file protein.cif (mmCIF, C-alpha atoms and all ligand atoms)
data_model
loop_
_atom_site.label_atom_id
_atom_site.label_comp_id
_atom_site.auth_asym_id
_atom_site.auth_seq_id
_atom_site.Cartn_x
_atom_site.Cartn_y
_atom_site.Cartn_z
CA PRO A 215 12.15 -19.50 5.21
CA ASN A 216 8.62 -20.85 4.68
CA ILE A 217 8.09 -24.18 2.95
CA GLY A 218 5.42 -24.04 0.26
CA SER A 219 4.33 -25.85 -2.91
CA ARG A 220 4.54 -23.01 -5.40
CA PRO A 221 3.48 -23.65 -9.02
CA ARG A 222 6.24 -25.16 -11.13
CA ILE A 223 8.08 -22.80 -13.46
CA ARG A 224 10.82 -24.36 -15.61
CA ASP A 225 10.00 -27.65 -13.85
CA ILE A 226 11.18 -26.44 -10.42
CA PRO A 227 8.78 -25.39 -7.63
CA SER A 228 11.30 -23.89 -5.21
CA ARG A 229 12.21 -20.20 -5.00
CA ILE A 230 14.98 -17.98 -3.68
CA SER A 231 14.65 -14.54 -2.09
CA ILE A 232 17.45 -12.02 -2.64
CA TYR A 233 18.33 -9.54 0.12
CA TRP A 234 21.15 -7.03 0.47
CA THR A 235 23.15 -5.48 3.31
CA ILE A 236 25.40 -2.43 2.97
CA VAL A 237 28.32 -1.98 5.38
CA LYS A 238 29.57 1.52 6.19
CA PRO A 239 33.27 2.20 6.84
CA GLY A 240 34.25 1.27 10.38
CA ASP A 241 31.38 -1.19 10.80
CA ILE A 242 31.48 -4.98 10.53
CA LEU A 243 29.12 -7.48 8.92
CA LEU A 244 28.11 -10.52 10.98
CA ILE A 245 26.27 -13.47 9.43
CA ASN A 246 24.62 -16.12 11.60
CA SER A 247 22.56 -18.93 10.11
CA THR A 248 21.14 -22.38 10.81
CA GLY A 249 20.00 -23.29 7.29
CA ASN A 250 18.65 -22.12 3.95
CA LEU A 251 21.59 -19.74 3.45
CA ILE A 252 22.86 -18.59 0.05
CA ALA A 253 26.01 -16.68 0.92
CA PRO A 254 27.98 -14.08 -1.03
CA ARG A 255 31.37 -14.84 -2.51
CA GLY A 256 32.50 -11.24 -1.99
CA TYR A 257 31.18 -7.69 -2.12
CA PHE A 258 30.11 -5.12 -4.69
CA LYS A 259 31.69 -1.66 -4.69
CA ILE A 260 28.65 0.51 -4.07
CA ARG A 261 29.41 4.16 -4.81
CA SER A 262 27.69 7.36 -5.86
CA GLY A 263 27.54 7.94 -9.59
CA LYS A 264 25.66 9.28 -12.58
CA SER A 265 24.53 5.88 -13.87
CA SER A 266 20.90 4.95 -14.51
CA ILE A 267 18.70 2.20 -15.94
CA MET A 268 16.05 2.11 -18.65
CA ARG A 269 13.89 -0.44 -20.48
CA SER A 270 13.63 -0.23 -24.26
CA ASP A 271 13.80 -2.27 -27.47
CA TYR B 100 -12.39 -7.04 10.17
CA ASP B 101 -9.06 -5.24 10.00
CA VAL B 102 -7.37 -4.95 6.59
CA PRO B 103 -3.56 -4.72 6.53
CA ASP B 104 -2.73 -1.92 4.08
CA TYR B 105 -6.41 -0.94 4.05
CA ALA B 106 -5.79 2.35 2.22
CA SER B 107 -4.32 0.40 -0.72
CA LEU B 108 -7.07 -2.21 -1.05
CA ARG B 109 -9.71 0.52 -0.88
CA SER B 110 -8.00 2.44 -3.68
CA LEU B 111 -7.52 -0.72 -5.76
CA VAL B 112 -11.19 -1.69 -5.50
CA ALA B 113 -12.48 1.86 -5.98
CA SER B 114 -10.49 2.26 -9.22
CA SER B 115 -12.32 -0.55 -11.05
CA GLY B 116 -15.94 0.34 -10.28
CA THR B 117 -17.28 -3.17 -10.83
CA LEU B 118 -18.71 -5.72 -8.38
CA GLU B 119 -19.30 -8.47 -10.97
CA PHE B 120 -18.70 -11.42 -8.68
CA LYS B 121 -18.53 -14.69 -10.63
CA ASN B 122 -18.85 -17.91 -8.64
CA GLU B 123 -16.26 -20.57 -9.42
CA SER B 124 -16.48 -24.27 -8.52
CA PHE B 125 -13.52 -24.68 -6.19
CA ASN B 126 -12.19 -28.03 -4.97
CA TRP B 127 -12.76 -27.74 -1.22
CA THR B 128 -12.89 -31.39 -0.10
CA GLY B 129 -12.70 -32.98 3.33
CA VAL B 130 -13.78 -29.80 5.14
CA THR B 131 -17.15 -28.26 5.96
CA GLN B 132 -18.22 -24.96 4.43
CA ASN B 133 -20.55 -22.10 5.38
CA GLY B 134 -19.43 -21.19 8.86
CA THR B 135 -22.03 -19.39 10.96
CA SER B 136 -21.59 -16.35 13.20
CA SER B 137 -24.10 -14.80 15.60
CA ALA B 138 -22.96 -11.17 15.36
CA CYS B 139 -23.91 -11.28 11.66
CA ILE B 140 -27.70 -11.44 11.33
CA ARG B 141 -29.55 -11.84 8.03
CA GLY B 142 -33.26 -12.60 8.03
CA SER B 143 -33.33 -12.69 11.86
CA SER B 144 -30.90 -15.64 11.81
CA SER B 145 -27.19 -16.14 12.39
CA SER B 146 -25.18 -15.72 9.21
CA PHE B 147 -21.85 -14.57 7.75
CA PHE B 148 -20.39 -12.68 4.79
CA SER B 149 -21.80 -13.66 1.40
CA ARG B 150 -18.64 -13.35 -0.72
CA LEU B 151 -16.21 -15.00 1.73
CA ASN B 152 -16.59 -18.68 2.66
CA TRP B 153 -15.55 -19.48 6.24
CA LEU B 154 -14.25 -23.05 6.36
CA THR B 155 -14.20 -25.19 9.50
CA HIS B 156 -13.17 -28.67 10.60
CA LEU B 157 -15.19 -31.63 9.35
CA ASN B 158 -15.42 -34.73 11.58
CA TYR B 159 -12.83 -33.34 14.02
CA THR B 160 -10.15 -32.91 11.36
CA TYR B 161 -8.85 -30.32 8.90
CA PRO B 162 -6.88 -31.80 5.99
CA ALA B 163 -4.26 -29.64 4.32
CA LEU B 164 -5.42 -27.84 1.19
CA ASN B 165 -3.82 -27.62 -2.27
CA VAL B 166 -6.19 -26.04 -4.79
CA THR B 167 -5.55 -24.31 -8.10
CA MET B 168 -7.51 -22.07 -10.45
CA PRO B 169 -5.95 -21.11 -13.80
CA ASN B 170 -6.76 -17.88 -15.63
CA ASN B 171 -7.34 -18.72 -19.29
CA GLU B 172 -9.18 -15.70 -20.71
CA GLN B 173 -7.59 -12.32 -21.42
CA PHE B 174 -8.42 -10.39 -18.25
CA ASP B 175 -7.11 -10.26 -14.70
CA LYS B 176 -8.90 -12.04 -11.86
CA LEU B 177 -8.87 -10.61 -8.33
CA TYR B 178 -9.38 -12.98 -5.39
CA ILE B 179 -10.38 -11.59 -1.99
CA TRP B 180 -9.70 -13.93 0.94
CA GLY B 181 -8.65 -13.68 4.56
CA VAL B 182 -7.23 -15.27 7.69
CA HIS B 183 -9.05 -15.65 11.01
CA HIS B 184 -7.28 -14.43 14.16
CA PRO B 185 -9.12 -16.18 17.03
CA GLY B 186 -9.54 -15.03 20.62
CA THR B 187 -8.04 -17.82 22.73
CA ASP B 188 -6.50 -21.26 22.28
CA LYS B 189 -9.86 -22.86 23.10
CA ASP B 190 -11.55 -20.87 20.34
CA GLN B 191 -8.85 -22.09 17.93
CA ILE B 192 -9.12 -25.77 18.88
CA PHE B 193 -12.93 -25.67 18.79
CA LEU B 194 -12.85 -24.57 15.13
CA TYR B 195 -9.69 -26.29 13.83
CA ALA B 196 -7.67 -29.35 14.77
CA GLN B 197 -4.49 -27.29 14.23
CA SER B 198 -3.41 -24.60 16.68
CA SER B 199 -0.90 -22.62 14.57
CA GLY B 200 -1.84 -23.35 10.97
CA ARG B 201 0.21 -21.56 8.31
CA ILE B 202 -1.35 -20.33 5.08
CA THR B 203 0.26 -19.69 1.69
CA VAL B 204 -1.36 -18.24 -1.44
CA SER B 205 1.01 -18.23 -4.41
CA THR B 206 0.98 -17.12 -8.01
CA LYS B 207 3.81 -17.82 -10.44
CA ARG B 208 5.14 -14.29 -9.94
CA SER B 209 5.03 -14.09 -6.13
CA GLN B 210 3.80 -15.75 -2.95
CA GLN B 211 2.19 -14.63 0.31
CA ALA B 212 2.64 -16.55 3.56
CA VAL B 213 0.65 -15.68 6.69
CA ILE B 214 0.73 -16.95 10.28
CA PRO B 215 -2.37 -16.27 12.41
CA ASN B 216 -1.52 -15.07 15.92
CA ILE B 217 -3.83 -15.89 18.83
CA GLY B 218 -4.58 -12.88 21.00
CA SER B 219 -7.20 -11.59 23.45
CA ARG B 220 -8.24 -8.41 21.70
CA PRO B 221 -10.80 -6.13 23.39
CA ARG B 222 -14.38 -7.18 22.75
CA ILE B 223 -16.29 -5.19 20.12
CA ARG B 224 -19.91 -6.24 19.52
CA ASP B 225 -19.30 -8.97 22.12
CA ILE B 226 -16.74 -10.83 19.98
CA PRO B 227 -12.96 -10.66 20.60
CA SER B 228 -11.76 -12.40 17.44
CA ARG B 229 -10.72 -10.63 14.23
CA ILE B 230 -10.25 -11.38 10.55
CA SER B 231 -7.59 -9.99 8.22
CA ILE B 232 -8.50 -9.45 4.56
CA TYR B 233 -5.86 -9.96 1.85
CA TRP B 234 -6.07 -9.96 -1.93
CA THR B 235 -4.26 -11.66 -4.81
CA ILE B 236 -4.54 -10.63 -8.47
CA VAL B 237 -3.93 -13.22 -11.20
CA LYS B 238 -2.65 -12.10 -14.60
CA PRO B 239 -3.72 -13.88 -17.80
CA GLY B 240 -1.75 -17.07 -18.35
CA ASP B 241 -0.88 -17.47 -14.66
CA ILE B 242 -2.51 -19.76 -12.10
CA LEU B 243 -3.51 -19.21 -8.48
CA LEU B 244 -2.49 -21.88 -5.96
CA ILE B 245 -3.87 -21.91 -2.41
CA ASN B 246 -2.29 -24.08 0.29
CA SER B 247 -3.45 -23.95 3.89
CA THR B 248 -3.44 -25.86 7.17
CA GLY B 249 -5.99 -23.78 9.09
CA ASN B 250 -7.54 -20.37 9.71
CA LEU B 251 -8.53 -20.01 6.05
CA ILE B 252 -11.43 -17.87 4.82
CA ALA B 253 -11.62 -18.73 1.13
CA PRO B 254 -13.19 -16.88 -1.79
CA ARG B 255 -16.31 -18.15 -3.50
CA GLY B 256 -15.17 -16.73 -6.84
CA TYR B 257 -13.32 -13.76 -8.31
CA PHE B 258 -13.91 -10.07 -8.95
CA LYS B 259 -13.44 -8.65 -12.45
CA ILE B 260 -10.65 -6.15 -11.84
CA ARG B 261 -10.30 -3.77 -14.78
CA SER B 262 -9.12 -0.28 -15.60
CA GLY B 263 -11.78 2.39 -15.39
CA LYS B 264 -12.73 5.96 -14.54
CA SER B 265 -14.42 5.13 -11.23
CA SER B 266 -13.46 6.71 -7.91
CA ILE B 267 -14.48 6.90 -4.25
CA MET B 268 -15.35 9.77 -1.92
CA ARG B 269 -16.64 10.31 1.62
CA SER B 270 -19.42 12.83 2.18
CA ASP B 271 -22.78 13.38 3.89
CA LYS C 387 20.63 24.99 -21.54
CA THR C 388 19.11 21.72 -20.30
CA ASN C 389 19.91 20.25 -16.88
CA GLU C 390 21.11 16.77 -15.96
CA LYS C 391 18.43 14.29 -14.86
CA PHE C 392 20.52 11.13 -14.52
CA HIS C 393 18.43 9.16 -12.02
CA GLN C 394 14.66 9.38 -11.50
CA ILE C 395 11.79 7.21 -10.25
CA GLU C 396 10.11 4.58 -12.42
CA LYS C 397 7.40 6.21 -14.55
CA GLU C 398 5.85 3.11 -16.14
CA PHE C 399 4.12 0.16 -14.48
CA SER C 400 2.69 -3.22 -15.49
CA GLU C 401 1.02 -4.20 -12.21
CA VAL C 402 -1.32 -2.92 -9.50
CA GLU C 403 0.69 -2.41 -6.33
CA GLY C 404 -1.19 -0.15 -3.93
CA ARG C 405 -0.82 3.33 -2.45
CA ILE C 406 2.88 4.03 -3.09
CA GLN C 407 2.52 3.27 -6.80
CA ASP C 408 -0.55 5.51 -6.93
CA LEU C 409 1.41 8.27 -5.18
CA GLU C 410 4.24 7.95 -7.71
CA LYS C 411 1.75 8.14 -10.59
CA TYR C 412 0.08 11.15 -8.96
CA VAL C 413 3.33 13.06 -8.48
CA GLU C 414 4.37 12.24 -12.05
CA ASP C 415 1.05 13.54 -13.38
CA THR C 416 1.20 16.70 -11.25
CA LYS C 417 4.75 17.44 -12.39
CA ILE C 418 3.84 16.87 -16.04
CA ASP C 419 0.75 19.08 -15.77
CA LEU C 420 2.66 21.87 -14.02
CA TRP C 421 5.43 21.79 -16.62
CA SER C 422 2.91 21.74 -19.47
CA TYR C 423 1.20 24.84 -18.07
CA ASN C 424 4.59 26.49 -17.55
CA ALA C 425 5.62 25.72 -21.14
CA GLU C 426 2.37 27.05 -22.58
CA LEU C 427 2.58 30.23 -20.50
CA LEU C 428 6.25 30.73 -21.43
CA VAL C 429 5.51 30.31 -25.14
CA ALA C 430 2.56 32.72 -24.94
CA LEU C 431 4.60 35.33 -23.06
CA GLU C 432 7.57 35.08 -25.41
CA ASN C 433 5.36 35.29 -28.50
CA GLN C 434 3.52 38.33 -27.12
CA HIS C 435 6.77 40.09 -26.22
CA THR C 436 8.39 39.24 -29.58
CA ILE C 437 5.39 40.47 -31.58
CA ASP C 438 5.28 43.69 -29.56
CA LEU C 439 9.06 44.19 -29.72
CA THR C 440 9.19 43.80 -33.51
CA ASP C 441 6.36 46.35 -33.72
CA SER C 442 7.69 48.94 -31.26
CA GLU C 443 10.96 48.71 -33.18
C1 LIG D 1 -0.36 -29.10 -5.43
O1 LIG D 1 -1.05 -28.53 -6.52
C2 LIG D 1 -0.21 -28.09 -7.57
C3 LIG D 1 -1.07 -27.38 -8.60
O2 LIG D 1 -2.01 -28.28 -9.13
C4 LIG D 1 0.61 -29.26 -8.16
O3 LIG D 1 1.61 -28.78 -9.04
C5 LIG D 1 1.54 -29.45 -10.32
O4 LIG D 1 1.80 -30.83 -10.19
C6 LIG D 1 1.71 -31.58 -11.39
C7 LIG D 1 1.84 -33.03 -11.00
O5 LIG D 1 3.12 -33.25 -10.44
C8 LIG D 1 2.76 -31.10 -12.40
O6 LIG D 1 2.58 -31.66 -13.68
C9 LIG D 1 3.61 -32.62 -14.02
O7 LIG D 1 4.70 -32.56 -13.11
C10 LIG D 1 5.82 -33.42 -13.31
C11 LIG D 1 7.10 -32.67 -12.97
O8 LIG D 1 7.99 -33.62 -12.41
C12 LIG D 1 5.86 -34.10 -14.68
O9 LIG D 1 5.21 -35.36 -14.63
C13 LIG D 1 5.20 -33.32 -15.84
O10 LIG D 1 6.12 -32.63 -16.65
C14 LIG D 1 4.13 -32.29 -15.42
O11 LIG D 1 4.61 -30.97 -15.43
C15 LIG D 1 2.63 -29.59 -12.59
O12 LIG D 1 3.68 -29.07 -13.35
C16 LIG D 1 2.61 -28.85 -11.24
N1 LIG D 1 2.45 -27.44 -11.45
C17 LIG D 1 1.39 -26.81 -12.02
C18 LIG D 1 1.54 -25.32 -12.09
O13 LIG D 1 0.39 -27.37 -12.44
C19 LIG D 1 1.30 -30.02 -7.03
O14 LIG D 1 1.91 -31.21 -7.47
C20 LIG D 1 0.30 -30.38 -5.94
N2 LIG D 1 0.88 -31.16 -4.86
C21 LIG D 1 1.95 -30.86 -4.11
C22 LIG D 1 2.29 -31.89 -3.06
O15 LIG D 1 2.62 -29.84 -4.22
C1 LIG D 2 -8.01 -9.83 29.39
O1 LIG D 2 -8.32 -8.48 29.65
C2 LIG D 2 -9.41 -7.99 28.89
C3 LIG D 2 -9.53 -6.50 29.15
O2 LIG D 2 -9.81 -6.29 30.52
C4 LIG D 2 -10.70 -8.77 29.18
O3 LIG D 2 -11.72 -8.44 28.26
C5 LIG D 2 -12.93 -8.07 28.94
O4 LIG D 2 -13.46 -9.14 29.68
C6 LIG D 2 -14.63 -8.85 30.42
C7 LIG D 2 -14.92 -10.07 31.27
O5 LIG D 2 -15.18 -11.17 30.43
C8 LIG D 2 -15.78 -8.46 29.48
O6 LIG D 2 -16.90 -7.96 30.18
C9 LIG D 2 -18.03 -8.87 30.14
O7 LIG D 2 -17.83 -9.92 29.20
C10 LIG D 2 -18.85 -10.88 29.01
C11 LIG D 2 -18.95 -11.25 27.53
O8 LIG D 2 -19.30 -12.62 27.47
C12 LIG D 2 -20.20 -10.52 29.64
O9 LIG D 2 -20.29 -11.02 30.96
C13 LIG D 2 -20.51 -9.01 29.74
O10 LIG D 2 -21.35 -8.54 28.72
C14 LIG D 2 -19.27 -8.08 29.74
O11 LIG D 2 -19.04 -7.47 28.49
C15 LIG D 2 -15.31 -7.33 28.57
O12 LIG D 2 -16.25 -7.06 27.56
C16 LIG D 2 -13.98 -7.66 27.90
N1 LIG D 2 -13.55 -6.55 27.07
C17 LIG D 2 -13.25 -5.31 27.48
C18 LIG D 2 -12.84 -4.38 26.36
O13 LIG D 2 -13.29 -4.92 28.63
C19 LIG D 2 -10.42 -10.27 29.05
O14 LIG D 2 -11.50 -11.06 29.49
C20 LIG D 2 -9.19 -10.67 29.87
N2 LIG D 2 -8.91 -12.08 29.84
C21 LIG D 2 -8.74 -12.87 28.76
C22 LIG D 2 -8.46 -14.32 29.08
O15 LIG D 2 -8.80 -12.48 27.60
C1 LIG D 3 0.27 -27.63 1.90
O1 LIG D 3 1.46 -27.20 2.50
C2 LIG D 3 1.56 -27.76 3.79
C3 LIG D 3 2.62 -27.00 4.56
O2 LIG D 3 2.32 -25.63 4.50
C4 LIG D 3 1.80 -29.27 3.67
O3 LIG D 3 1.47 -29.87 4.91
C5 LIG D 3 2.30 -31.00 5.21
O4 LIG D 3 1.72 -32.20 4.76
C6 LIG D 3 2.48 -33.36 5.05
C7 LIG D 3 1.85 -34.55 4.35
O5 LIG D 3 0.71 -34.95 5.07
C8 LIG D 3 2.57 -33.53 6.56
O6 LIG D 3 3.37 -34.64 6.91
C9 LIG D 3 3.21 -32.29 7.17
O7 LIG D 3 3.20 -32.33 8.57
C10 LIG D 3 2.46 -31.03 6.73
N1 LIG D 3 3.14 -29.85 7.19
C11 LIG D 3 2.52 -28.77 7.72
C12 LIG D 3 3.43 -27.65 8.13
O8 LIG D 3 1.30 -28.69 7.85
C13 LIG D 3 0.88 -29.93 2.64
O9 LIG D 3 1.44 -31.12 2.14
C14 LIG D 3 0.49 -29.07 1.44
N2 LIG D 3 -0.71 -29.66 0.91
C15 LIG D 3 -0.77 -30.74 0.11
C16 LIG D 3 -2.17 -31.17 -0.28
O10 LIG D 3 0.21 -31.36 -0.27
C1 LIG D 4 -11.66 -32.30 -5.66
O1 LIG D 4 -10.87 -32.65 -4.53
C2 LIG D 4 -10.65 -34.02 -4.30
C3 LIG D 4 -9.88 -34.16 -3.00
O2 LIG D 4 -9.75 -35.52 -2.65
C4 LIG D 4 -9.93 -34.63 -5.51
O3 LIG D 4 -9.73 -36.01 -5.36
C5 LIG D 4 -10.79 -34.42 -6.74
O4 LIG D 4 -10.18 -34.92 -7.90
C6 LIG D 4 -11.08 -32.93 -6.94
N1 LIG D 4 -11.94 -32.74 -8.08
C7 LIG D 4 -13.19 -33.21 -8.24
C8 LIG D 4 -13.83 -32.86 -9.56
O5 LIG D 4 -13.80 -33.87 -7.41
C1 LIG D 5 -22.81 -23.13 1.24
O1 LIG D 5 -23.75 -22.11 0.97
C2 LIG D 5 -23.80 -21.76 -0.40
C3 LIG D 5 -24.65 -20.52 -0.53
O2 LIG D 5 -25.90 -20.73 0.09
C4 LIG D 5 -24.29 -22.96 -1.21
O3 LIG D 5 -24.27 -22.69 -2.59
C5 LIG D 5 -23.38 -24.15 -0.96
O4 LIG D 5 -23.87 -25.32 -1.57
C6 LIG D 5 -23.24 -24.42 0.54
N1 LIG D 5 -22.28 -25.47 0.77
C7 LIG D 5 -22.38 -26.40 1.73
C8 LIG D 5 -21.26 -27.41 1.77
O5 LIG D 5 -23.31 -26.45 2.53
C1 LIG D 6 -15.08 -39.57 11.58
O1 LIG D 6 -13.85 -40.23 11.77
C2 LIG D 6 -13.95 -41.38 12.59
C3 LIG D 6 -12.57 -41.89 12.90
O2 LIG D 6 -11.98 -42.43 11.74
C4 LIG D 6 -14.86 -42.41 11.90
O3 LIG D 6 -15.09 -43.52 12.74
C5 LIG D 6 -16.21 -41.79 11.58
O4 LIG D 6 -17.02 -42.64 10.81
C6 LIG D 6 -16.03 -40.49 10.81
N1 LIG D 6 -17.29 -39.84 10.58
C7 LIG D 6 -17.68 -39.36 9.38
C8 LIG D 6 -19.05 -38.71 9.37
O5 LIG D 6 -17.00 -39.43 8.37
#

call {"tool": "encode", "arguments": {"input": "protein.cif", "output": "structure tokens"}}
result
Amino acid sequence: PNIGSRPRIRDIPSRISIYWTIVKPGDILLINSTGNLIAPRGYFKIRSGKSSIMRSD
Amino acid sequence: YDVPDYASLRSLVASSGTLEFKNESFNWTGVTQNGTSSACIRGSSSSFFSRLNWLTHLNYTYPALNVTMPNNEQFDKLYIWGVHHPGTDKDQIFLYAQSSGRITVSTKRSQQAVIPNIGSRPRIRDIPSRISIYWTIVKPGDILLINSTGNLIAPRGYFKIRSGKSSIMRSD
Amino acid sequence: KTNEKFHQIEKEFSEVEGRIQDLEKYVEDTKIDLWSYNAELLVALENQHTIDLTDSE
């Protein structure tokens, strides 16, 4: 994490950056950290499907 | 100069077809401007790039920067700037009081943070150092904020990025 | 007799991004142009064959 004075939006200058890690069956997920960590509470069930996204009004 | 993602900046610039550089009165204070290089000769004298302003220490110090430039009118504003990768530690101390100065150029949408890395690159035109050219585009209603602690090559203004029918080609 | 097209790439943009965005726009334009030519040729062929069939009959 890099400290920086970003312009204030909604009266807060700080930001967060969202990552993602996918774990295959048989593997393990290991998290090591010394600060600035925003942890998950659980996991999402990623699976193949026919879903999609769109932007309309 | 070496441009990270050069093939994207070239295509972005070549798609506008306009070099209408407009000088803006920035708030560079406490540092000296108009750095001079010997490999760049204009009028039989040492010189540098015209659009980019190479900043250097003033009175053996380099205060941290925090400048802003809002975009009021209804068109985008493209800022071309860069970061100087020196040759050795001596070449870094001679120009700046900071050895490992971070830089950070942020808009409201996103930020870019860069760390210059000292390295003894092979000499080309009798100079080992390099510069890396970045670019930040500001949408209408947003502001551009530049914070730096060293190794900053600032813009003198902005380019008028716009949609157009222009293109680029390489021939003889 | 249409075919499922559940998930595709993003075909609209509101920002300049670089070479990958330009490549996506280019492939979208090439696909659209190829399918437009295919549709025009198919319509012309079917009209010609229909007009000649209903005259040979
Ligand atoms: C670095 O420069 C930036 C950009 O000029 C500064 O951010 C701006 O700071 C001012 C002064 O704090 C903010 O305006 C006022 O802020 C406070 C919020 O507690 C409050 O008095 C008012 O509601 C008002 O908003 C301004 O919002 C803020 N952002 C922008 C986009 O202008 C920054 O303070 C400078 N210094 C540092 C150390 O970061
Ligand atoms: C690290 O290794 C590199 C590669 O061998 C060295 O770069 C080369 O250094 C020599 C000796 O300085 C250069 O040749 C001579 O340099 C000076 C320029 O002031 C001058 O006496 C001559 O005109 C001649 O060019 C050479 O150009 C340079 N580059 C290459 C590609 O060979 C480097 O010096 C080594 N050490 C450090 C601390 O970087
Ligand atoms: C620009 O951001 C830098 C960090 O990137 C800030 O620099 C700090 O400034 C404080 C106040 O003098 C010093 O105590 C710290 O040591 C500095 N940190 C670094 C990493 O250089 C700076 O405050 C910001 N600029 C302004 C004008 O506030
Ligand atoms: C320019 O920068 C200095 C830095 O000390 C600041 O005090 C000043 O208000 C800025 N603006 C002008 C118009 O001088
Ligand atoms: C730097 O050079 C430019 C272009 O010649 C000039 O407008 C500006 O005043 C100079 N600034 C300083 C601090 O010498
Ligand atoms: C440079 O800084 C030193 C130390 O504070 C001071 O004595 C001197 O007057 C300064 N020089 C200038 C030109 O500001």

call {"tool": "axis_aligned_box", "arguments": {"input": "protein.cif", "around": "ligand LIG 5 (chain D)", "padding_each_side": "5 Å", "output": "lines of an AutoDock Vina configuration file"}}
result
center_x = -23.6
center_y = -24.0
center_z = 0.0
size_x = 14.6
size_y = 16.9
size_z = 15.1

call {"tool": "interface_residues", "arguments": {"input": "protein.cif", "of": "chain C", "to": "chain B", "cutoff": "9 Å", "atoms": "all atoms listed in the file", "output": "MDAnalysis selection string"}}
result
chainID C and resid 402:406 408

call {"tool": "interface_residues", "arguments": {"input": "protein.cif", "of": "chain A", "to": "chain B", "cutoff": "9 Å", "atoms": "all atoms listed in the file", "output": "list in words"}}
result
residues 216, 218, 219, 220, 221, 222 and 223 of chain A

call {"tool": "closest_residue", "arguments": {"input": "protein.cif", "among": "B:162, B:157, B:136, B:102", "to": "ligand LIG 4 (chain D)", "atoms": "all atoms listed in the file"}}
result
B:162

call {"tool": "closest_residue", "arguments": {"input": "protein.cif", "among": "B:192, B:230, B:130, B:139", "to": "ligand LIG 6 (chain D)", "atoms": "all atoms listed in the file"}}
result
B:130

call {"tool": "residues_near_ligand", "arguments": {"input": "protein.cif", "ligand": "ligand LIG 5 (chain D)", "cutoff": "7 Å", "atoms": "only C-alpha atoms and all ligand atoms", "output": "list in words"}}
result
residues 131, 132 and 133 of chain B

call {"tool": "residues_near_ligand", "arguments": {"input": "protein.cif", "ligand": "ligand LIG 4 (chain D)", "cutoff": "7 Å", "atoms": "all atoms listed in the file", "output": "count of residues only"}}
result
3

call {"tool": "interface_residues", "arguments": {"input": "protein.cif", "of": "chain C", "to": "chain A", "cutoff": "9 Å", "atoms": "only C-alpha atoms", "output": "ChimeraX atom specification"}}
result
/C:392-394,396

call {"tool": "write_last_selection", "arguments": {"input": "protein.cif", "atoms": "C-alpha atoms", "output": "mmCIF file, in the frame of the given file"}}
result
data_model
loop_
_atom_site.group_PDB
_atom_site.id
_atom_site.type_symbol
_atom_site.label_atom_id
_atom_site.label_comp_id
_atom_site.auth_asym_id
_atom_site.auth_seq_id
_atom_site.Cartn_x
_atom_site.Cartn_y
_atom_site.Cartn_z
ATOM 1 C CA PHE C 392 20.520 11.130 -14.520
ATOM 2 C CA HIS C 393 18.430 9.160 -12.020
ATOM 3 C CA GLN C 394 14.660 9.380 -11.500
ATOM 4 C CA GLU C 396 10.110 4.580 -12.420
#

call {"tool": "atom_distance", "arguments": {"input": "protein.cif", "atom1": "atom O8 of ligand LIG 3 (chain D)", "atom2": "atom CA of residue B:135"}}
result
25.3 Å

call {"tool": "residues_near_ligand", "arguments": {"input": "protein.cif", "ligand": "ligand LIG 2 (chain D)", "cutoff": "10 Å", "atoms": "only C-alpha atoms and all ligand atoms", "output": "ChimeraX atom specification"}}
result
/B:186-188,218-227

call {"tool": "atom_distance", "arguments": {"input": "protein.cif", "atom1": "atom CA of residue B:174", "atom2": "atom CA of residue C:416"}}
result
29.6 Å

call {"tool": "residues_around", "arguments": {"input": "protein.cif", "residues": "stretch 254-264 of chain B", "least_positions_apart": "3", "cutoff": "8 Å", "atoms": "all atoms listed in the file", "output": "list in words"}}
result
residues 112, 114, 115, 116, 117, 118, 119, 120, 121, 122, 123, 124, 125, 150, 151, 152, 174, 175, 176, 177, 178, 179 and 180 of chain B

call {"tool": "residues_near_ligand", "arguments": {"input": "protein.cif", "ligand": "ligand LIG 6 (chain D)", "cutoff": "9 Å", "atoms": "only C-alpha atoms and all ligand atoms", "output": "compact mmCIF listing (two decimals) with C-alpha atoms, keeping the file's coordinate frame"}}
result
# COMPACT_ATOMS: atom_id res chain seq x y z
CA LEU B 157 -15.19 -31.63 9.35
CA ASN B 158 -15.42 -34.73 11.58
CA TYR B 159 -12.83 -33.34 14.02
CA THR B 160 -10.15 -32.91 11.36

call {"tool": "closest_residue", "arguments": {"input": "protein.cif", "among": "B:228, B:235, B:171, B:146", "to": "residue B:191", "atoms": "all atoms listed in the file"}}
result
B:228

call {"tool": "atom_distance", "arguments": {"input": "protein.cif", "atom1": "atom CA of residue B:250", "atom2": "atom CA of residue B:161"}}
result
10.1 Å

call {"tool": "residues_near_point", "arguments": {"input": "protein.cif", "point": "(24.7, -8.9, 8.0)", "cutoff": "10 Å", "atoms": "only C-alpha atoms", "output": "list in words"}}
result
residues 234, 235, 236, 237, 242, 243, 244, 245 and 246 of chain A

call {"tool": "write_last_selection", "arguments": {"input": "protein.cif", "atoms": "C-alpha atoms", "output": "CSV table (one decimal), keeping the file's coordinate frame"}}
result
chain,number,residue,atom,x,y,z
A,234,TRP,CA,21.2,-7.0,0.5
A,235,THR,CA,23.2,-5.5,3.3
A,236,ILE,CA,25.4,-2.4,3.0
A,237,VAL,CA,28.3,-2.0,5.4
A,242,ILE,CA,31.5,-5.0,10.5
A,243,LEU,CA,29.1,-7.5,8.9
A,244,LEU,CA,28.1,-10.5,11.0
A,245,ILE,CA,26.3,-13.5,9.4
A,246,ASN,CA,24.6,-16.1,11.6
